Structure formats: C-alpha cells, structure tokens
Amino acid sequence: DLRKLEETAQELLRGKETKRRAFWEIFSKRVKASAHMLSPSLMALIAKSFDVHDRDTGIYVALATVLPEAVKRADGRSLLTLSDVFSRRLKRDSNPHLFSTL
Amino acid sequence: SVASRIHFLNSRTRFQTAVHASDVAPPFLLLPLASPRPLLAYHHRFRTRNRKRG
Amino acid sequence: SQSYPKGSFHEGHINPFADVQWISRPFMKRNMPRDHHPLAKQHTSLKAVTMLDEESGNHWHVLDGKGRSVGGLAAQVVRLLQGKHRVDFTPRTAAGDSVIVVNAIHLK
Amino acid sequence: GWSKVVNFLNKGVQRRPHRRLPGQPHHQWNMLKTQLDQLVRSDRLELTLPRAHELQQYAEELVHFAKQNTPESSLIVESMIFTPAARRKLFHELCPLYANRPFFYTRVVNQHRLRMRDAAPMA
Amino acid sequence: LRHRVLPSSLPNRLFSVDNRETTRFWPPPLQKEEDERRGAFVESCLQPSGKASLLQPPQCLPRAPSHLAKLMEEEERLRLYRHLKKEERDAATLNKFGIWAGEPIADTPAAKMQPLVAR
Amino acid sequence: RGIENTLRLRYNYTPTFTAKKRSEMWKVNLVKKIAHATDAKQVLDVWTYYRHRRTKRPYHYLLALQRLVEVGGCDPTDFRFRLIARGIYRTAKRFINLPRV
Amino acid sequence: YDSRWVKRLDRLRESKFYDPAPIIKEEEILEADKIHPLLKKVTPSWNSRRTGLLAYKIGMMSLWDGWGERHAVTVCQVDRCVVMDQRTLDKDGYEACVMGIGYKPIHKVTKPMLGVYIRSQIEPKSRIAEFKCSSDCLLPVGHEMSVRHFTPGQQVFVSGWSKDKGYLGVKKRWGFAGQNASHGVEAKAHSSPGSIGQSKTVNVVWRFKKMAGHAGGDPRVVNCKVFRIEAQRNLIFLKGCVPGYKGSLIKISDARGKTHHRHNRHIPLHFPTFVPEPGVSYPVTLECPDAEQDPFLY
Amino acid sequence: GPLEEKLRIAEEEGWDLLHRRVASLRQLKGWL
Amino acid sequence: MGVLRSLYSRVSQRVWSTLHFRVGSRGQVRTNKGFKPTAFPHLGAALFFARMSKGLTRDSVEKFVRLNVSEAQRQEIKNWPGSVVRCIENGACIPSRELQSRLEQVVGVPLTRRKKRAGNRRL
RNA sequence: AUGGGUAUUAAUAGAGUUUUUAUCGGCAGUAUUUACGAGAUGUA
RNA sequence: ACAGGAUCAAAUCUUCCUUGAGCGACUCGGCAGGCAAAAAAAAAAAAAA
RNA sequence: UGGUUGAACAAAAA
RNA sequence: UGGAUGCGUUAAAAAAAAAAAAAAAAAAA
RNA sequence: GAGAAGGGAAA
RNA sequence: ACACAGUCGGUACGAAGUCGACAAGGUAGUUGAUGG
C-alpha cells in the first residue's frame with residue numbers, strides 16, 4: 001500500500017545498502033501501478049529514493065504523467081525535491097507543461 | 001415548520017448571541033395541557049405483551 | 001366427444017414404401033419455433049465455448065443444441081460430465097466439468 | 001403405554017361439560033350429593049383436582065338456591081342435600097354469611113403435588 | 001444554506017410503537033377517539049356550563065376569562081397543527097405507495113376493534 | 001429469468017486434499033488480491049469473482065471498504081459494490097466496530 | 001379460561017345480555033371519505049377476472065322468496081376485509097390482490113406484523129390471503145371490500161375447510177356396509193372393513209385405500225347463489241350450505257367455467273368492483289330476482 | 001435505449017475473465 | 001357447415017380462450033419478476049413482447065384501450081389512420097401518457113421508467 | 001439598494017403523558033435465543 | 001432510500017442514467033417462543049401490575 | 001402442399 | 001338454553017383448482 | 001442397424 | 001448403509017511464498033496454435 005511504499009522509500013534513504021534486481025523491478029512495478037494515488041510528498045520521496053540509487057526505468061516519466069494533478073497540494077519541500085529531481089532526470093524539452101505547473 | 005427552518009438556515013442576519021458562554025440557556029418549552037390517551041394505552045398494551053415469558 | 005390428437009402425419013404426405021414414411025415434428029408447421037422478424041439476423045453461433053478456471057478447478061462448456069440429435073448430444077454431454085476426457089478421471093467422484101446447453105427447443 | 005397417544009386420540013375431541021364419576025348415573029348423583037353434604041359440614045375438603053372441579057358447581061347451586069328463600073328453591077335444596085346437620089349449617093351460617101354475595105361462594109386450590117399412593121393430583 | 005442538508009427518512013420508514021413519526025395517529029379509530037375526547041374536555045373545562053361535567057377527576061384550572069381565552073387559542077393552534085400534520089402525512093403516503101385509510105363502511109366487530117366470536 | 005438448478009449442491013462424498021484446498025483457498029486469495037488491487041474496478045471484480053464463496057466476515061468487508069477508500073472510491077450504485085453494501089447491512093449487528101464501517 | 005361449569009352457565013345466560021338490535025337504513029349515501037381516490041371503473045375484456053373476498057360464516061336461517069318459497073340460507077360477514085397490497089409481474093412475478101380480514105389483539109400480535117399493519121394504516125388483522133386476478137382488475141391499496149361486490153342472483157364459487165370429526169372407523173368415515181348384526185357374525189366383524197386388497201399376485205395394499213383415520217378437515221369447494229345482501233353490516237346471504245365452523249374463514253368468488261357459462265352470462269357485474277359515485281343514494285338491502293314461473297304450479 | 005477472447009467478452013458480456021481463459025470451436029484446428 | 005363443426009375446429013375453439021393463472025416456469029423468456037422495459041430498443045418492442053407474453057390479440061388490446069380511455073383520447077384514436085396498437089408496436093406513432101397507462105394496465109408491466117412521487121425536501 | 005448588514009414563519013438539540021368494562025370464584029411457574037471478527041493496521 | 005451520477009438542467013410532481021431482480025414481498029432486530037398452569041372438536045378467547 | 005381433416009376432402013407426383 | 005345423526009337440506013362448479021411440509025446463485029455445515 | 005426383446009437413445 | 005451388512009481399492013505436504021522469474025511485452029510474473 002501507500003504506507004508500505006513510504007516505508008520502503010524511507011528505508012532506501014536511511015541507508016546506502018544496495019538492493020537486488022528483483023527488489024528494484026517489484027518496487028518500480030508497484031510504484032507505477034499506484035502512481036495515480038500518490039500525494040506530492042510521497043511522490044517526491046519516491047523520486048528521491050530512485051534518484052539517490054541512480055535507477056531509471058521510465059519511473060520518472062510515469063510519475064510526470066500524474067504529477068501535474070498532485071502539484072496543487074505540494075508543499076515547499078516537495079516542490080524543491082520534485083524540481084531538483086525532474087529537471088535533471090527528464091529529457092530536455094520533454095514536458096514543458098509540467099515545469100510550467102511547478 | 002420546514003419553511004421556518006429554511007428561513008432561519010437562509011438568514012444571514014439572525015444569530016444565537018452570547019457575550020459569555022454561560023449566556024446560553026435551554027430553549028424555552030411550553031407544556032401543553034393533558035387529556036386522555038387511549039392510543040397511548042393501546043401502545044402500552046402492546047409493550048407489556050411478553051412479560052410472562054421474562 | 002373426445003378423440004385422438006392430430007399428429008404430424010395429419011399434415012403431410014405418407015409414403016408407406018419408404019423407411020422414413022412421414023416427416024414428424026415436435027409441433028405443427030405453424031407452431032414450430034422461429035425468430036422474431038425484426039430481431040433476426042443479429043446473432044451468430046460459435047456452437048461451442050470452453051472456459052478454463054485453474055484456481056477453482058471448475059471448468060465450463062457451453063454448447064449450441066440447434067440441429068443436433070438428442071442422443072448424439074446426450075452421449076457427448078455424459079462424457080464431459082463424467083470427465084472421462086481427463087487424464088485424472090476417477091469413477092468415484094463427479095470428475096467432469098459443468099455444461100450449459102442452449103437451443104433445446106431446436107433439438108431433433 | 002405411550003404418552004403421544006393422548007394427543008393422537010384427542011385430536012378433534014370436545015371436553016365433557018360434566019366429568020363422569022365411576023358407576024351408573026344414580027350412583028354418581030348420590031356420590032356428588034354425599035360429598036356436597038360433607039363439604040357443607042366441613043367448610044373444606046381435600047379431593048382430587050377433577051373431583052373438586054366437578055363438585056364446585058353443585059356447591060354453588062346449593063348456595064344460590066338456598067339464598068332465594070322460596071318453597072320451590074327450598075325443595076331444590078332439599079333434593080340436593082342429605083343430612084340435618086348440613087341443612088342447619090347451610091341455612092343458619094352460609095346463607096347469612098353470603099347474604100350480600102351475589103355469586104361465586106367457593107374456590108378450588110390446586111395443591112401442585114401428586115398423592116403418594118396412586119400419584120393422583122390433589123386440590 | 002449553500003449545501004442543502006438532507007433529513008433522514010428512517011423516522012418515516014420505521015414502523016413500531018417506539019417510532020412516533022409513524023405511530024402518532026395509529027390506529028385511526030383510537031386517533032379519532034383521542035381527538036373527540038380532547039375536544040369534549042376543552043369544551044367542558046375551558047367553556048364551563050356552570051356544572052361539573054365529571055368527565056375526569058377535578059382539576060384546579062384557571063377560571064378568569066383572560067386566561068381562558070389564551071388557553072383556548074393555544075388549544076386551537078394545537079388542533080390545527082395535528083390536523084395539518086395528519087393531512088400532510090396522508091398525502092405523502094398516497095403519493096408514494098397509493099396507500100389510503102378511509103372510514104369504516106359497515107358496522108362490524110373489526111371496525112369496533114373487537115374479535116369475532118360465537119357470541 | 002433464472003437458472004434451472006437452484007437447489008444447493010450438497011456433495012455426498014468427502015473431498016480429497018486438493019479438492020478441500022481449492023474449496024478453502026478463497027480465504028487467502030480474496031484478501032491477497034484485494035491488497036494487490038490498485039483500482040476500484042479490480043477490487044469490485046475480485047469481490048464479484050468470490051461472491052459465491054461463504055462465509056464472508058466483518059474483516060473481509062472492512063478490508064474491502066478500506067481498499068476502496070485508498071484506491072479512491074467508486075460508484076456506490078454499481079451492482080458489484082451493492083453486493084458489498086447489502087452484505088454489510090446483513091451483518092451489521094455482528095460488527096464490533098460498526099463506527100469504522 | 002374459566003371452568004367448564006362457568007362456561008356452560010355463561011352460555012346459558014348469554015341471551016339475557018345481548019345488545020339491542022340496530023336500526024337498518026333503507027338507503028345510504030357515500031361521500032369521498034369512504035371512496036379510495038384511485039378507485040375508478042373499468043370495462044372488462046375477454047380475459048378480465050375479478051378478485052374474490054373473505055368472509056366469516058355466522059349462521060344459517062330460513063327466508064321466504066317472492067313466490068313464498070322457503071330457502072335455507074347461510075349468512076356470511078365481510079368483517080373489514082381490506083386490500084393491503086398488490087402483486088405485479090415486475091414487482092412480484094405474478095398478479096393478485098392481498099386482503100386482510102378480522103381483528104387480532106395487539107398483545108397477541110407480533111412486532112414485525114405490527115409494523116406491517118402500521119405501514120398499512122389499519123388495525124391488526126386476524127387473517128390474510130391472496131386472490132389472483134387480472135391486471136385490469138387490481139384494486140387500490142386501502143380499499144375496503146363491500147358486499148355490493150356481488151350482484152344478487154349471481155353464482156359464486158366458495159371455498160372453505162370442513163369441520164373435524166375426530167378418529168372414525170371405516171363405517172362412519174366412508175359409510176362401509178359392515179356385516180349382519182346377527183346370523184353368527186363375529187364381534188370383530190360387525191363394523192369391519194372386510195378385505196383390503198388382492199392376493200399374492202399383486203402383493204400390496206393400494207394407495208388411497210379407504211381405511212380408518214382422523215375424519216374431516218379438508219379443503220372443500222361448492223357453488224352458491226347470492227340470495228341477498230345488506231350493505232350496512234356487510235352481510236351476504238348465500239343459498240345453501242358452506243363448509244366450516246361458525247366463525248370460520250370463507251373465500252367467495254365469481255362462478256367459473258360451466259357454472260358461469262350456464263348462470264352468469266347475462267347478469268351484469270361491476271368491474272373492478274362496485275365503484276360508488278359521491279352523493280348518489282343506494283339501497284341498503286338487495287334481493288335476488290324472483291323466478292319467472294310459479295313454483296307452486298303443480 | 002441510450003487477448004481477443006478477453007477483450008470480446010469484456011466488450012459484449014461486460015465482465016472480466018481475470019485469470020480465466022476462454023476459447024471457441026472456431027480455433028480447434030490450431031490445436032488438432 | 002351443418003349443426004356441428006369439425007372436431008379439429010372445436011378443439012381449437014376450446015384452446016383459443018385458454019387462460020392460465022400462473023407464470024409457472026423460470027426457463028421461459030417472458031415478462032416476469034424484475035422486468036425492465038429498457039431491455040428492448042423501444043416502447044413498441046417492449047409492448048409487443050409483453051402482449052405476446054400475456055397471450056392477447058392486438059384487436060382485443062386495442063378494443064380495451066378504446067373502450068376504457070377518455071372521450072378526447074377516443075376521438076384522437078378515431079382520427080388516427082390505421083390501428084394505434086399496431087403502429088405503436090411497429091414504432092410508427094408515439095402514444096400519449098393516458099394511452100400508455102391503459103396499455104400498461106392491459107399488459108401488466110410498465111413500458112417506460114415508472115416515476116414514483118416522494119415527499120422529500122432538502123433543508 | 002451601482003445590492004444582499006436585505007425585509008418572511010426556526011416546535012430550535014426535546015410535538016413529550018395509560019383507554020374502556022368491572023359487586024363476588026380461578027391460572028399465570030420456567031426454559032431457549034442475537035458479536036460463527038482478526039476491537040486492532042487503536043483516535044494522525 | 002429519489003440513495004449516487006450526467007447535462008447550455010427537467011410543469012407544479014425527476015430530462016435521463018445507476019440501483020444484475022434496490023435481499024421473492026412487507027416488516028422486526030430487547031425480534032423470535034418449546035414446556036408448565038388455565039382453557040380447549042379445527043381454531044378463538046386474559047397487557048402488565 | 002392446404003387447421004382441409006371424428007368413418008370426409010383438394011393440389012402435385014411418378 | 002342446546003348437541004349429534006339422516007328419514008332432513010344444499011352443491012356437484014374449479015384441476016395452471018382448492019391446498020400444502022423444506023425462498024433455492026449455498027459447489028464440500 | 002442386429003431377440004437392439006435389460007435401460008437410454010444413435011446412422 | 002443402496003449392501004447375508006462383507007470384499008478390493010481409497011485423498012499425494014509446501015507457492016498459503018515473493019526484497020518473485022528463448023523470443024515479445026506496452027509491464028498483466030501477461031503472451032507465442034488457429035482463415036473458409
């Protein structure tokens with residue numbers, strides 16, 4: 001659930017332990033499946049968790065698909081995290097609408 | 001009545017005013033006079049139906 | 001007073017020299033089933049559909065009975081009900097699948 | 001025997017207005033009159049529940065007709081009673097005692113116990 | 001109000017002697033008897049005829065005409081309220097289920113609220 | 001209108017290990033698939049699939065409701081959700097935490 | 001719940017304390033307060049069939065007709081027979097009028113049935129039964145059936161339950177002949193059933209064989225002629241006899257099949273039922289028509 | 001009025017097979 | 001013919017007016033519990049289905065409608081070319097509310113979404 | 001009213017109460033039954 | 001339940017859609033009633049104190 | 001082939 | 001103030017009727 | 001295709 | 001017990017886990033066989 005995903009992201013942030021390929025695949029699949037339920041804070045948390053370990057599997061595009069809807073409830077910290085992550089992770093001139101929304 | 005309830009709920013000028021919390025008093029109630037109630041006696045007849053089994 | 005009902009040989013030719021001496025039907029010619037005129041030519045039959053459910057283990061067959069012989073269909077249905085088509089058949093249980101047959105009015 | 005046969009044989013049966021005592025009708029009438037006389041003399045009798053229920057009506061009839069004080073009712077009471085002691089008790093004690101009682105001069109009390117010797121309910 | 005609040009219909013949909021919104025006037029015969037006795041009491045106490053009606057044990061009710069007038073106005077308002085609420089509930093029931101309660105047509109024990117027996 | 005056979009199918013022979021496991025495994029699979037579902041459509045499809053499996057419990061109903069709320073609600077008139085609502089009303093008095101429902 | 005003697009004496013003294021007889025009007029008028037707002041007339045089609053109604057058997061008496069002919073007649077009372085619901089194809093899968101009759105004490109009524117009665121806005125009912133009918137003949141909920149439902153002279157199909165006679169042998173239950181009272185007949189054979197079947201070839205006793213048992217208590221149907229009706233007390237006087245005890249439930253409906261074709265083809269009937277017009281005056285008592293030919297002619 | 005097998009059943013019948021699988025006699029020659 | 005028809009004709013005569021007071025089979029495709037008019041493309045189709053389920057003739061249905069409808073509706077029926085029931089079933093003419101109500105009374109089921117009137121008000 | 005401080009009807013959180021017959025005699029003692037949830041992932 | 005939903009938005013009184021058939025229908029949920037007593041042809045007939 | 005059909009008939013065929 | 005019976009009276013109509021004792025999408029209680 | 005003349009029902 | 005009441009056979013654990021697992025997926029630990 002969302003709480004379990006939040007706990008997983010927090011665990012990934014607290015330590016620098018290298019996780020397994022199966023873990024990465026399952027986590028990415030679950031995040032993509034739950035993307036429409038993510039609050040801006042949890043979305044920023046998951047984006048930072050992926051960015052820190054430098055794993056890209058389309059998760060950034062999948063999150064950007066839904067982020068403009070969740071931006072309206074974003075706090076300052078979440079806005080900072082989302083800007084920092086997406087500005088670097090999204091392809092140049094990919095989703096200008098998302099940056100405009102931010 | 002429903003009309004008066006709606007009037008109060010629509011009014012933007014009517015309030016329940018209290019300078020201090022202890023101002024508020026229970027709504028005043030007028031108690032009507034009594035008269036025989038065979039209907040209520042009938043209801044009691046139903047209510048006491050199964051006392052022997054208890 | 002009462003008498004015998006009118007059968008199928010009261011409404012057609014009779015050839016005593018032929019093996020099929022007269023054509024017999026479930027009803028009279030005017031009483032045979034038919035499709036409502038404006039609600040016709042909208043449907044087609046796949047004649048047989050199979051549903052496999054590996055979780056519950058209860059599989060389904062759905063068969064079209066239009067134009068089939070009663071006994072010819074009954075033997076096949078009995079095979080499916082017993083489950084003798086399955087490699088794990090057991091005589092001591094209802095080891096077959098479930099069966100639905102449609103268009104029983106059109107059995108011959 | 002079998003208890004359910006009571007239900008089986010009473011399905012669709014009426015209760016007898018009078019409970020029949022043993023013997024022939026003259027003997028039954030004599031028994032009822034004798035026990036009515038004894039009841040008058042004793043003010044209370046320990047009987048079987050059915051017998052008390054049966055004799056109650058005759059006790060009530062005796063009192064009702066004794067109160068009326070006419071030759072006809074006197075003859076009725078005479079036909080009901082046997083002994084001079086019962087006659088005296090009735091007329092000189094029960095009638096004045098019930099002078100203002102319109103009806104219902106007796107009562108039957110179920111003892112809620114079975115008689116030891118023969119398991120007869122008592123009252 | 002900007003967002004209208006919806007009252008609950010359970011008081012209308014619960015049929016028991018513990019639900020007044022539904023059992024207030026039931027049964028109609030005893031409702032009629034209650035109304036008749038209330039009217040008789042009002043006429044025999046708030047409009048005295050100089051004699052003790054003896055309909056009930058006596059009460060020390062006001063006798064001044066000034067008080068009697070206000071009591072009569074209160075009773076008239078109560079009567080109007082009860083009549084109007086009964087009429088409205090009957091209309092709602094008719095429009096909803098087509099159910100309608102009328103006056104008895106014949107002199108029968110059931111109309112008298114008595115059981116039919118051999119006597 | 002209806003299926004011809006509505007009398008209860010009472011097996012007159014005891015099940016085998018596999019048969020009984022298949023009979024009873026809904027108690028695991030229902031909650032597992034409710035948890036795995038990330039959409040009201042999936043939740044209602046799973047509930048409808050297990051509609052005939054008895055006997056449902058208050059925690060089953062509560063898990064369904066919680067998952068629906070988390071996924072983001074559904075039409076309260078969809079017949080699949082009406083199954084859940086009617087079941088809840090049926091077992092209302094047996095709920096310990098009715099206010100949570 | 002008194003003693004046997006007390007009940008016997010009260011039965012004896014019953015007559016002394018009867019209520020005075022009421023005054024029966026000759027004509028009556030009906031206002032809107034006694035007419036269901038949704039009750040409207042209908043002209044039937046070939047398939048239209050009206051509903052029956054429920055009555056209590058009250059007693060029997062002898063009445064003279066116009067020519068001076070004496071008929072034994074049974075009096076039945078429609079004691080507040082009221083429509084409580086309608087069955088419909090889409091809502092119930094069939095069509096019928098549900099009718100409740102009688103009065104039951106509340107202390108004897110159950111709570112869910114009390115809720116049903118409160119929803120119906122009626123006093124607690126004694127009995128409830130259905131009457132299947134045509135769609136056009138459905139009556140509105142709350143309407144009270146009147147004896148005017150039946151035109152005097154019509155034939156009515158009546159159903160009821162016969163009385164119970166207890167356990168009876170073959171002689172009394174089926175009128176078996178028994179044996180001679182003399183001529184050496186054995187005691188056990190005086191009222192015996194004799195043989196009860198064939199022999200070793202068939203080797204059974206056939207089902208439905210007549211033997212001793214608990215007699216009575218069967219559903220019995222008959223035909224009656226509507227002799228008279230009184231609207232004031234909802235009394236219907238039917239020519240003949242009716243099964244059941246005094247005070248037992250009776251279903252009364254229009255004659256059907258052969259009886260209808262032979263007797264009711266020309267007697268007009270109200271559809272769906274008698275529909276009063278406000279302000280109009282109607283007779284209180286109605287008699288069946290007299291015979292055209294003189295019964296005492298020979 | 002106002003995965004081919006899975007899609008067709010969803011579109012026409014209006015419910016989801018989920019893990020269940022369906023086939024019709026039209027495809028028998030592919031397995032014979 | 002003579003004073004007697006053919007036995008086939010007599011049997012068909014008897015069977016012509018068969019009237020069953022039951023719907024006694026759930027395997028039939030006919031109006032039953034839970035009937036929905038919207039299952040059919042239009043009111044004409046629903047009406048034809050309901051009438052065929054009832055086993056009634058177009059002429060009898062039309063006669064009942066004509067004889068039970070009001071005077072103005074009767075005049076409109078007379079003015080309309082052809083048979084109104086046939087046109088409705090064919091989906092050629094739109095009936096009025098009163099005409100539909102009488103048709104529904106005849107066939108036992110609604111033909112459009114039936115509107116019930118509640119007495120609810122939001123505060 | 002260049003308009004909603006704005007006009008009308010809060011019983012409002014409380015529409016709440018035991019009839020009739022009856023001179024006198026008699027019954028009314030007991031048992032069964034509703035959470036076959038995992039309160040709980042406890043109020044964020 | 002007019003309970004939820006759609007719309008350049010409904011005659012008072014819903015234009016429609018949903019509610020697999022709003023649990024077969026209507027009710028109840030401190031509902032329901034086996035035995036005793038007292039009555040009792042099937043049944044019916046006692047509110048509690 | 002036609003409801004034409006109780007012990008009655010018409011059409012077509014070879 | 002009544003009970004039973006026929007030697008009395010009524011009916012001979014309905015059978016998808018009168019009526020009944022097991023609402024059943026509940027496939028391992 | 002048969003006393004297929006045990007039951008179902010088949011070209 | 002359908003049973004002269006016996007005889008021959010008679011259920012095949014776990015994944016009920018999951019930080020799972022050649023060619024495609026449009027990511028479902030889903031899929032490959034099949035035009036008259």
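To find a chain, count down the sequence lines: A is the first, B the second, and so on, and within it residues start at 1.
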Among [options], the one nearest [X] by side-chain distance:
X         : options                : result
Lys104(G) : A44(K), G25(J), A11(N) : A44(K)
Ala41(B)  : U41(J), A11(M), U18(J) : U18(J)
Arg49(B)  : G20(O), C31(K), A13(M) : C31(K)
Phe17(F)  : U19(J), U11(O), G35(O) : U11(O)

[X] (side chain) and [N] (base): donor-acceptor pair under 3.5 Å:
X         : N      : value
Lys29(A)  : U27(O) : no
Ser98(C)  : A27(M) : yes
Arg20(A)  : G20(O) : no
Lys19(A)  : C19(O) : yes
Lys32(F)  : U18(O) : yes
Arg5(B)   : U8(J)  : no
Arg47(B)  : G30(K) : no
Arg1(F)   : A21(K) : yes
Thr6(F)   : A24(M) : yes
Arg117(I) : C13(K) : yes

State whether [X] and [Y] are salt-bridged, where the test is any N-O pair (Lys NZ or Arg NE/NH1/NH2 against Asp/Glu carboxylate O) under 4.0 Å.
X        : Y        : value
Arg80(F) : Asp78(F) : yes
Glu34(E) : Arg24(E) : no
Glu25(A) : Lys29(A) : no
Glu24(F) : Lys21(F) : no
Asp90(G) : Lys36(I) : no

Query raised in the report: Does a nitrogen or oxygen in the side chain of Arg5(I) sit under 4.0 Å from OP1 or OP2 of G3(L)?
Result: no
Query raised in the report: Can you check whether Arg53(F) has a side-chain N or O nearer than 4.0 Å to OP1 or OP2 of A28(M)?
Result: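 So the side-chain polar atoms of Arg53(F) do come within 4.0 Å of the phosphate oxygens OP1 or OP2 of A28(M), strictly under.
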A cation-pi test, strictly: NZ or CZ of [X] under 6.0 Å from the centre of the six-membered ring of [Y] and no more than 45 degrees from its axis. Yes or no?
X         : Y         : value
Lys163(G) : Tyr245(G) : yes
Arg22(F)  : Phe17(F)  : no
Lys6(C)   : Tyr4(C)   : yes

Can you tell me if [X] is stacked onto the base of [N], using a 5.5 Å centroid cut-off and an angle below 30°?
X         : N      : answer
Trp161(G) : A42(K) : no
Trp31(H)  : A33(O) : yes
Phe21(I)  : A16(M) : no
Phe95(F)  : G37(J) : no
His43(B)  : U18(J) : no

Whole angstrom is fine here: how far is it from [atom1] in [X] over to [atom2] in [N]?
X         : N      : atom1 : atom2 : answer
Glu25(A)  : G25(O) : CD    : P     : 16 Å
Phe27(A)  : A21(O) : CZ    : P     : 19 Å
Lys115(I) : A10(K) : NZ    : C1'   : 8 Å
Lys163(G) : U5(M)  : NZ    : P     : 7 Å
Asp10(G)  : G25(J) : CG    : P     : 18 Å
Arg51(F)  : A27(M) : CZ    : P     : 13 Å
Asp18(E)  : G16(J) : CG    : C1'   : 14 Å
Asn97(F)  : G37(J) : CG    : P     : 15 Å

Query raised in the report: Considering only the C1' atoms, how many Å lie between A40(J) and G33(K), rounded to the nearest integer?
Result: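 It works out to 38 Å between them.
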Report task. Please determine, by modelled atom types, if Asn10(D) and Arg15(D) share a side-chain donor-acceptor pair under 3.5 angstrom. Result ->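 The answer is yes; a qualifying pair exists.
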Query raised in the report: Would you say the side-chain atoms of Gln57(D) and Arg8(G) include a donor-acceptor pair closer than 3.5 Å?
Result: yes
Report summary line: So, going by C1'-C2'-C3'-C4' where positive is north and negative is south, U33(J) is north
Query raised in the report: Hey, which of these two, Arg122(I) or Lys11(D), hits RNA chain K nearer its 5' end, going by closest nucleotide?
Result: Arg122(I)
Requested in this report: Using a 3.5 Å limit on both pairing distances, list the dot-bracket string of RNA chain M from the 5' end; Watson-Crick and G-U wobble pairs count, crossing pairs take [ ], interstrand pairs take |.
Outcome: .............................
For the adjacent nucleotides [N] and [M], are both criteria met: ring-centre separation under 5.5 Å and interplanar angle under 30°?
N      : M      : result
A31(J) : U32(J) : yes
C13(K) : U14(K) : no
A15(M) : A16(M) : no
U17(J) : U18(J) : no
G2(L)  : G3(L)  : no

